[PDB]
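Have a look at coords-v8.cif; it's mmCIF, C-alpha atoms:
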```cif
data_data
#
loop_
_atom_site.label_atom_id
_atom_site.label_comp_id
_atom_site.auth_asym_id
_atom_site.auth_seq_id
_atom_site.Cartn_x
_atom_site.Cartn_y
_atom_site.Cartn_z
CA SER A 1 -201.77 210.01 109.23
CA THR A 2 -199.76 207.33 107.48
CA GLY A 3 -197.61 206.96 104.38
CA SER A 4 -196.59 203.99 102.26
CA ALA A 5 -194.03 204.03 99.45
CA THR A 6 -192.41 201.36 97.33
CA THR A 7 -188.63 201.09 97.43
CA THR A 8 -186.78 199.60 94.42
CA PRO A 9 -183.23 198.22 94.06
CA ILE A 10 -181.03 200.46 91.90
CA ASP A 11 -179.34 197.52 90.19
CA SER A 12 -179.15 193.74 89.90
CA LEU A 13 -177.06 193.44 93.08
CA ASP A 14 -179.35 195.45 95.41
CA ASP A 15 -176.47 197.90 95.97
CA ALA A 16 -179.02 200.40 97.29
CA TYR A 17 -182.73 201.14 97.13
CA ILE A 18 -184.56 204.23 95.86
CA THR A 19 -187.93 205.55 96.97
CA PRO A 20 -189.84 208.32 95.15
CA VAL A 21 -190.29 211.52 97.18
CA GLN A 22 -192.36 214.57 96.27
CA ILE A 23 -190.71 217.92 97.04
CA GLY A 24 -192.19 221.39 96.51
CA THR A 25 -195.22 222.88 94.80
CA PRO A 26 -195.98 221.75 92.15
CA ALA A 27 -194.41 218.44 93.15
CA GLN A 28 -190.91 217.60 91.98
CA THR A 29 -190.41 213.84 92.32
CA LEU A 30 -186.88 212.71 93.17
CA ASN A 31 -185.74 209.15 93.89
CA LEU A 32 -184.00 209.16 97.26
CA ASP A 33 -181.95 206.60 99.16
CA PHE A 34 -183.67 206.19 102.54
CA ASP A 35 -180.84 205.86 105.05
CA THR A 36 -181.48 204.82 108.66
CA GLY A 37 -177.75 205.44 109.30
CA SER A 38 -177.81 209.22 108.70
CA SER A 39 -180.03 212.20 109.39
CA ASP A 40 -179.83 214.63 106.45
CA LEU A 41 -182.35 214.91 103.64
CA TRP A 42 -180.23 216.21 100.77
CA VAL A 43 -180.81 216.41 97.05
CA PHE A 44 -179.13 217.03 93.74
CA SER A 45 -180.35 220.47 92.75
CA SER A 46 -180.14 223.42 90.39
CA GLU A 47 -177.27 224.57 92.66
CA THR A 48 -175.17 221.41 92.21
CA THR A 49 -171.87 221.98 90.39
CA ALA A 50 -172.76 221.08 86.79
CA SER A 51 -169.76 218.79 86.23
CA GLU A 52 -170.89 216.71 89.24
CA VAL A 53 -174.35 215.99 87.84
CA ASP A 54 -174.60 212.99 85.50
CA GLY A 55 -178.19 211.93 84.87
CA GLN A 56 -179.77 212.65 88.27
CA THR A 57 -183.09 214.42 88.59
CA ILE A 58 -182.59 217.76 90.31
CA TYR A 59 -184.65 219.83 92.72
CA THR A 60 -185.10 223.42 91.55
CA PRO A 61 -186.25 225.52 94.50
CA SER A 62 -186.95 228.56 92.31
CA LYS A 63 -189.74 226.53 90.66
CA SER A 64 -191.43 225.72 93.98
CA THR A 65 -193.93 228.22 95.37
CA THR A 66 -193.47 226.75 98.86
CA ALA A 67 -189.64 226.78 98.93
CA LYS A 68 -187.91 229.24 101.25
CA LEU A 69 -184.19 229.72 101.76
CA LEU A 70 -183.18 228.83 105.32
CA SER A 71 -180.99 231.86 105.54
CA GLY A 72 -177.43 231.28 106.71
CA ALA A 73 -177.76 227.51 107.01
CA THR A 74 -175.17 225.19 105.49
CA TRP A 75 -174.53 221.47 105.67
CA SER A 76 -171.66 219.08 105.03
CA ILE A 77 -171.63 215.33 105.46
CA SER A 78 -169.17 212.48 105.09
CA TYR A 79 -170.30 208.87 104.99
CA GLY A 80 -168.66 205.61 106.07
CA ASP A 81 -167.69 204.71 102.51
CA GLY A 82 -165.74 207.96 102.14
CA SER A 83 -168.35 209.73 100.02
CA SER A 84 -169.50 213.25 100.83
CA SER A 85 -171.69 216.19 99.90
CA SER A 86 -172.40 219.73 101.08
CA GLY A 87 -174.44 222.82 100.34
CA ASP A 88 -177.13 225.18 101.62
CA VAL A 89 -180.70 224.65 102.82
CA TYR A 90 -184.31 225.35 101.90
CA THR A 91 -187.50 224.50 103.70
CA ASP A 92 -190.27 223.06 101.55
CA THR A 93 -193.17 220.62 101.55
CA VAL A 94 -192.06 216.99 101.34
CA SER A 95 -194.36 214.00 100.83
CA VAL A 96 -193.55 210.30 101.03
CA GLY A 97 -196.16 207.77 100.03
CA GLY A 98 -199.00 210.20 100.74
CA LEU A 99 -197.61 211.49 104.06
CA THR A 100 -196.86 215.21 103.96
CA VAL A 101 -194.51 217.32 106.09
CA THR A 102 -194.53 221.08 105.68
CA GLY A 103 -191.42 223.08 106.53
CA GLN A 104 -189.02 220.15 106.02
CA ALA A 105 -185.35 221.06 105.69
CA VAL A 106 -184.30 220.13 102.16
CA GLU A 107 -180.54 220.30 101.92
CA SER A 108 -179.50 221.43 98.45
CA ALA A 109 -176.16 220.07 97.26
CA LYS A 110 -173.62 222.48 95.87
CA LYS A 111 -170.96 219.74 95.80
CA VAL A 112 -171.10 215.94 95.74
CA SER A 113 -168.27 213.41 95.63
CA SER A 114 -167.62 211.12 92.69
CA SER A 115 -169.55 208.12 94.03
CA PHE A 116 -172.74 210.21 94.01
CA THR A 117 -172.11 211.65 90.55
CA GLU A 118 -171.48 208.16 89.18
CA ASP A 119 -174.77 206.85 90.51
CA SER A 120 -177.31 208.29 88.09
CA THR A 121 -180.18 206.48 89.82
CA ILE A 122 -179.85 208.21 93.23
CA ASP A 123 -181.12 211.79 93.36
CA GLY A 124 -180.23 212.26 97.05
CA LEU A 125 -180.62 210.77 100.52
CA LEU A 126 -183.40 210.86 103.09
CA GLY A 127 -181.96 210.29 106.54
CA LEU A 128 -183.91 208.32 109.12
CA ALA A 129 -181.43 208.06 112.01
CA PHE A 130 -181.85 210.37 115.02
CA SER A 131 -181.92 214.11 114.41
CA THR A 132 -178.92 214.61 116.72
CA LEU A 133 -176.73 213.52 113.74
CA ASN A 134 -178.16 216.14 111.38
CA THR A 135 -175.31 218.28 109.98
CA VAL A 136 -177.10 221.60 109.33
CA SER A 137 -175.29 224.55 110.93
CA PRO A 138 -175.83 226.77 112.86
CA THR A 139 -179.34 225.48 113.52
CA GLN A 140 -179.60 221.69 113.47
CA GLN A 141 -182.62 220.36 111.57
CA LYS A 142 -185.05 217.48 112.11
CA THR A 143 -185.48 214.39 109.94
CA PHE A 144 -188.61 213.77 107.91
CA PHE A 145 -189.64 211.11 110.45
CA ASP A 146 -189.10 213.39 113.42
CA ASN A 147 -191.18 216.13 111.78
CA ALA A 148 -193.96 213.68 110.83
CA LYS A 149 -194.02 211.84 114.13
CA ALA A 150 -196.65 213.81 116.02
CA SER A 151 -199.09 213.45 113.10
CA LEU A 152 -198.57 209.70 112.64
CA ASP A 153 -201.16 207.19 113.84
CA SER A 154 -198.26 205.44 115.62
CA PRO A 155 -194.72 206.84 115.99
CA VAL A 156 -193.06 204.19 113.81
CA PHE A 157 -191.75 203.46 110.37
CA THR A 158 -191.01 200.06 108.87
CA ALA A 159 -188.48 198.79 106.32
CA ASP A 160 -189.44 195.81 104.18
CA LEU A 161 -186.61 195.54 101.66
CA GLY A 162 -186.75 193.04 98.83
CA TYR A 163 -184.13 190.61 97.59
CA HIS A 164 -183.73 191.44 93.91
CA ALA A 165 -187.28 192.85 94.08
CA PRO A 166 -189.16 195.95 95.24
CA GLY A 167 -190.22 196.42 98.84
CA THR A 168 -191.92 199.00 101.07
CA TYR A 169 -191.32 201.79 103.55
CA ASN A 170 -194.39 202.47 105.71
CA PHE A 171 -194.83 205.40 108.09
CA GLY A 172 -197.24 205.42 111.01
CA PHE A 173 -198.50 201.84 110.96
CA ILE A 174 -197.41 198.21 111.07
CA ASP A 175 -198.72 196.14 108.13
CA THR A 176 -199.60 192.86 109.82
CA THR A 177 -199.88 191.16 106.41
CA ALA A 178 -196.23 191.91 105.56
CA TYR A 179 -194.57 189.45 107.94
CA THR A 180 -194.95 185.94 109.34
CA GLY A 181 -195.05 184.92 112.99
CA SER A 182 -194.52 187.61 115.61
CA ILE A 183 -192.33 190.72 115.86
CA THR A 184 -189.52 190.53 118.40
CA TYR A 185 -188.59 193.92 119.85
CA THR A 186 -185.17 194.74 121.22
CA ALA A 187 -183.65 197.75 123.02
CA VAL A 188 -182.06 200.67 121.20
CA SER A 189 -179.32 203.03 122.33
CA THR A 190 -179.51 206.48 120.78
CA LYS A 191 -176.23 207.60 122.34
CA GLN A 192 -174.40 207.62 118.99
CA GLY A 193 -177.45 208.85 117.02
CA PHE A 194 -178.06 205.49 115.37
CA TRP A 195 -180.61 202.71 115.64
CA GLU A 196 -178.08 200.81 117.71
CA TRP A 197 -179.01 197.45 119.22
CA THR A 198 -177.41 194.21 120.43
CA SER A 199 -177.86 190.96 118.57
CA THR A 200 -177.84 187.84 120.73
CA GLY A 201 -175.61 185.73 118.46
CA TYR A 202 -175.27 183.92 115.17
CA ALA A 203 -175.15 180.64 113.29
CA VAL A 204 -173.48 179.65 110.02
CA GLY A 205 -175.58 177.44 107.76
CA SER A 206 -177.02 174.50 109.68
CA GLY A 207 -174.46 174.97 112.45
CA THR A 208 -175.16 175.44 116.13
CA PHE A 209 -176.11 178.89 117.35
CA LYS A 210 -173.37 180.82 119.14
CA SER A 211 -174.75 182.98 121.95
CA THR A 212 -172.74 186.20 121.96
CA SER A 213 -173.62 189.89 122.18
CA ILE A 214 -173.01 191.85 118.99
CA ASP A 215 -173.68 195.59 119.23
CA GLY A 216 -174.44 197.15 115.87
CA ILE A 217 -176.65 199.52 113.89
CA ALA A 218 -179.64 198.91 111.65
CA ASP A 219 -178.57 200.81 108.53
CA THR A 220 -180.63 200.72 105.34
CA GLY A 221 -178.05 202.95 103.66
CA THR A 222 -175.25 200.36 103.91
CA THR A 223 -175.31 197.54 101.36
CA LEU A 224 -173.55 194.75 103.25
CA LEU A 225 -173.44 193.09 106.67
CA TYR A 226 -170.35 194.15 108.63
CA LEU A 227 -169.56 192.04 111.70
CA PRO A 228 -166.58 191.27 113.96
CA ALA A 229 -163.65 189.53 112.32
CA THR A 230 -164.17 186.40 114.42
CA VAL A 231 -167.75 185.97 113.19
CA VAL A 232 -166.88 186.73 109.56
CA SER A 233 -163.96 184.29 109.57
CA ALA A 234 -166.25 181.55 110.94
CA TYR A 235 -168.70 182.20 108.11
CA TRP A 236 -166.20 182.21 105.23
CA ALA A 237 -164.35 179.17 106.60
CA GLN A 238 -167.42 177.19 105.48
CA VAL A 239 -166.95 178.21 101.83
CA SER A 240 -164.30 176.29 99.88
CA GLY A 241 -161.77 178.69 98.41
CA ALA A 242 -163.00 181.82 100.19
CA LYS A 243 -160.34 184.24 101.37
CA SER A 244 -159.82 187.80 102.46
CA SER A 245 -158.16 189.81 99.70
CA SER A 246 -156.50 193.10 100.60
CA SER A 247 -156.26 193.94 96.88
CA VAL A 248 -160.02 193.57 96.41
CA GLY A 249 -160.92 195.01 99.82
CA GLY A 250 -162.58 192.10 101.57
CA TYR A 251 -163.67 188.49 101.44
CA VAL A 252 -164.06 186.94 98.00
CA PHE A 253 -165.18 183.46 97.10
CA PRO A 254 -165.31 181.25 94.00
CA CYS A 255 -168.31 182.06 91.92
CA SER A 256 -168.95 178.36 91.57
CA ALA A 257 -169.78 178.17 95.31
CA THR A 258 -173.10 177.55 96.98
CA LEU A 259 -173.13 179.90 99.98
CA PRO A 260 -174.44 178.83 103.38
CA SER A 261 -177.11 180.86 105.15
CA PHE A 262 -176.30 183.15 108.08
CA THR A 263 -178.56 183.46 111.12
CA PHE A 264 -178.54 186.37 113.57
CA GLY A 265 -180.30 186.55 116.92
CA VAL A 266 -182.88 189.10 118.03
CA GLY A 267 -183.56 188.24 121.63
CA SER A 268 -184.68 184.60 121.57
CA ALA A 269 -185.78 184.94 117.92
CA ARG A 270 -183.71 184.17 114.84
CA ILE A 271 -183.50 185.83 111.41
CA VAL A 272 -182.11 183.66 108.63
CA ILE A 273 -180.27 185.32 105.74
CA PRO A 274 -180.31 182.88 102.79
CA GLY A 275 -176.94 182.17 101.20
CA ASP A 276 -177.98 183.78 97.91
CA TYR A 277 -178.38 187.14 99.70
CA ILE A 278 -174.64 187.03 100.50
CA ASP A 279 -173.59 186.80 96.83
CA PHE A 280 -172.52 190.17 95.37
CA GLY A 281 -171.29 188.73 92.13
CA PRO A 282 -168.05 188.97 90.18
CA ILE A 283 -165.47 191.40 91.55
CA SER A 284 -165.03 192.75 88.02
CA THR A 285 -167.00 191.97 84.91
CA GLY A 286 -166.42 188.35 83.83
CA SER A 287 -164.35 187.36 86.85
CA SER A 288 -164.78 183.97 88.52
CA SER A 289 -164.02 185.60 91.89
CA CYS A 290 -167.19 186.81 93.61
CA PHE A 291 -167.52 189.45 96.34
CA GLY A 292 -168.97 188.45 99.69
CA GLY A 293 -171.93 190.11 101.34
CA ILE A 294 -170.64 189.55 104.88
CA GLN A 295 -167.48 191.54 105.61
CA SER A 296 -165.40 192.44 108.63
CA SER A 297 -166.22 195.59 110.61
CA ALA A 298 -162.65 195.75 111.95
CA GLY A 299 -161.43 199.29 111.39
CA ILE A 300 -164.94 200.67 110.75
CA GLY A 301 -165.39 200.99 114.49
CA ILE A 302 -168.98 199.74 114.48
CA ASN A 303 -170.88 196.65 113.36
CA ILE A 304 -173.45 197.37 110.64
CA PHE A 305 -176.61 195.40 109.95
CA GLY A 306 -176.95 196.69 106.41
CA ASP A 307 -179.27 195.69 103.59
CA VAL A 308 -178.00 192.08 103.41
CA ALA A 309 -179.34 191.53 106.91
CA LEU A 310 -182.34 193.85 106.91
CA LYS A 311 -183.84 192.54 103.67
CA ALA A 312 -184.22 189.12 105.33
CA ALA A 313 -186.66 190.69 107.82
CA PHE A 314 -189.61 192.98 108.32
CA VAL A 315 -188.05 195.72 110.49
CA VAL A 316 -189.88 198.12 112.79
CA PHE A 317 -188.17 201.38 113.70
CA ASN A 318 -190.15 202.36 116.79
CA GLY A 319 -189.67 206.06 117.56
CA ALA A 320 -191.77 206.12 120.72
CA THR A 321 -190.42 207.99 123.74
CA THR A 322 -188.21 204.97 124.43
CA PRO A 323 -187.17 203.83 120.94
CA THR A 324 -186.90 200.16 120.10
CA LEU A 325 -186.34 197.96 117.04
CA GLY A 326 -188.54 195.06 115.98
CA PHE A 327 -187.69 192.19 113.68
CA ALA A 328 -189.96 189.59 112.11
CA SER A 329 -189.42 186.90 109.52
CA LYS A 330 -191.33 187.31 106.26
#
```

Conversion result in structure tokens:
Amino acid sequence: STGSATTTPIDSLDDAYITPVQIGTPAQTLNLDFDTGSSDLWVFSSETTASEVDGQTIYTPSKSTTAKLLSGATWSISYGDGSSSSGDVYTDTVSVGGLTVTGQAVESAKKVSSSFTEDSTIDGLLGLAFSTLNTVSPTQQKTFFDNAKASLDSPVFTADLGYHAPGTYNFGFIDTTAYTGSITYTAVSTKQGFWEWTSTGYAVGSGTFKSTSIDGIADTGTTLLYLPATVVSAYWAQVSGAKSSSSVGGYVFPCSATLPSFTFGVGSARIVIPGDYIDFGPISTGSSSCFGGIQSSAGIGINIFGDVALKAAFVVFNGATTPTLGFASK
């Protein structure tokens, strides 16, 4: 089997992407944030505290003939941005882009933090990291991908995120029309539960490439590119007037700037992030200070190749017995 679903930016900045997902019988379609940096599929639901729901579409298990309470199971998750959610668990039929998994754990939110409430466009998350990070207790649950894997034509999914435009998540096949040149594969460590890999270096604009190992994670659920302070300083030093602002919470730059590109290495290959992808617009409405899309990972504890980086590439998440990651230009 295979599946193919379109993913759409939630706003004009590509802060996140939503993908329609069918849950239950008859289908209830919710727009979920596919997150290769976590491993829980959770949804706003008929159980979510009413004051914490503000425009989201909810899953109502009592209206699904295939829903079953996973008795005794609870979940609770905290994300890198400080947001969180928790609740109980049902199993139900879940379909993405025509690919169906029966018996998928659907984690029903009883509580969500303010960032989730405030985002009316995101009805929940669908985790695509390794199932070892799944938070369901006392019986840990598998991700949608892990459950689908044995049925897939090939044990892979791909992320093809758009810049200010829709893109695609495919399951079970590589669309050879969706990228240019060849795919360069690189080793993955699953030791922390992430799609963790080592970039071979970087360049700023038309500058020379610096060969240096940068361990980080491929994370579709993080908006920006978070890299070591040395690398980030070298980037922003090429932008007149750019500075790190503790009051704003990162690097800002004059909105009159033209940003240089940023290149990262994948083995001997190179992915170029155009300068425009690094512009996250005014820090507050009408400001002439703009927020940068490349930020320091210092104090996160991990480097994160988030959407800013990933949307410059066609990315293969290879879940074969030895997982790997592939990157191609597009």

Show me a table, sorted first by chain and then by increasing residue number, of the residues of region 187-306 of chain A having an atom at most 8 Å from region 126-131 of chain A, each with its shortest atom pair and the distance in Å to one decimal, counting all atoms listed in the file and written as CSV.
```
residue,atom,partner,partner_atom,distance
A:190,CA,A:130,CA,7.3
A:193,CA,A:130,CA,5.1
A:194,CA,A:129,CA,5.4
A:195,CA,A:129,CA,6.5
```

Once you have the residues from the selection above, write them out as a CSV table (one decimal), keeping the file's coordinate frame, restricted to C-alpha atoms.
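Result written to selection-v9.csv:
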```csv
chain,number,residue,atom,x,y,z
A,190,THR,CA,-179.5,206.5,120.8
A,193,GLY,CA,-177.4,208.8,117.0
A,194,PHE,CA,-178.1,205.5,115.4
A,195,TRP,CA,-180.6,202.7,115.6
```

Residues at most 12 Å from residue 300 (chain A), counting all atoms listed in the file, excluding those fewer than 2 positions away in the same chain, as a PDB file with C-alpha atoms, in the frame of the given file?
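What landed in selection.pdb:
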```
ATOM      1  CA  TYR A  79    -170.300 208.870 104.990  1.00  0.00           C
ATOM      2  CA  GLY A  80    -168.660 205.610 106.070  1.00  0.00           C
ATOM      3  CA  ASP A  81    -167.690 204.710 102.510  1.00  0.00           C
ATOM      4  CA  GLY A  82    -165.740 207.960 102.140  1.00  0.00           C
ATOM      5  CA  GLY A 216    -174.440 197.150 115.870  1.00  0.00           C
ATOM      6  CA  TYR A 226    -170.350 194.150 108.630  1.00  0.00           C
ATOM      7  CA  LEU A 227    -169.560 192.040 111.700  1.00  0.00           C
ATOM      8  CA  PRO A 228    -166.580 191.270 113.960  1.00  0.00           C
ATOM      9  CA  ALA A 229    -163.650 189.530 112.320  1.00  0.00           C
ATOM     10  CA  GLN A 295    -167.480 191.540 105.610  1.00  0.00           C
ATOM     11  CA  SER A 296    -165.400 192.440 108.630  1.00  0.00           C
ATOM     12  CA  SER A 297    -166.220 195.590 110.610  1.00  0.00           C
ATOM     13  CA  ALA A 298    -162.650 195.750 111.950  1.00  0.00           C
ATOM     14  CA  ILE A 302    -168.980 199.740 114.480  1.00  0.00           C
ATOM     15  CA  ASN A 303    -170.880 196.650 113.360  1.00  0.00           C
ATOM     16  CA  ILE A 304    -173.450 197.370 110.640  1.00  0.00           C
TER      17      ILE A 304
END
```

Exercise. Could you tell me which residues the PyMOL selection byres ((chain A and resi 63) around 12) returns for this structure, as a ChimeraX atom specification?
Key: /A:23-28,45-46,58-62,64-68,92

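Residue nearest residue 248 (chain A), chosen from A:112, A:161, A:283, A:125 and counting all atoms listed in the file: A:283.
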
Self-check item: Surrounding residues of residue 274 (chain A) excluding itself and chain neighbours under 5 positions, 9 Å, all atoms listed in the file, as number ranges by chain
Solution: A: 205, 259-263, 312

Now that the selection is made, can you save its residues with C-alpha atoms as a short mmCIF file (atom, residue, chain, number, x, y, z; two decimals), in the coordinates of the input?
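Result written to selection.cif:
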```
data_model
loop_
_atom_site.label_atom_id
_atom_site.label_comp_id
_atom_site.auth_asym_id
_atom_site.auth_seq_id
_atom_site.Cartn_x
_atom_site.Cartn_y
_atom_site.Cartn_z
CA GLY A 205 -175.58 177.44 107.76
CA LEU A 259 -173.13 179.90 99.98
CA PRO A 260 -174.44 178.83 103.38
CA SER A 261 -177.11 180.86 105.15
CA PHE A 262 -176.30 183.15 108.08
CA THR A 263 -178.56 183.46 111.12
CA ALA A 312 -184.22 189.12 105.33
#
```

Exercise. Using CA of residue 177 (chain A) and CA of residue 224 (chain A) as the two end points, give the distance in Å to one decimal.
Key: 26.8 Å

Exercise. May I have the residues within 7 Å of residue 201 (chain A) as a ChimeraX atom specification, using only C-alpha atoms and disregarding those fewer than 2 positions away in the same chain?
Key: /A:199,209-214,264-265

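Proximity of A:223, A:36, A:246, A:284 to residue 14 (chain A), computed with all atoms listed in the file, is greatest for A:223.
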
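For the atom pair formed by CA of residue 291 (chain A) and CA of residue 237 (chain A), the distance is 14.9 Å, given to one decimal.
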
Quiz prompt | Top pick for closest residue to residue 135 (chain A), considering A:57, A:38, A:208, A:154 and counting only C-alpha atoms | solution = A:38

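Evaluated against this file, the PyMOL selection byres ((chain A and resi 51) around 12) yields residues 47, 48, 49, 50, 52, 53, 54, 55, 56, 110, 111, 112, 113, 114, 116, 117 and 118 of chain A.
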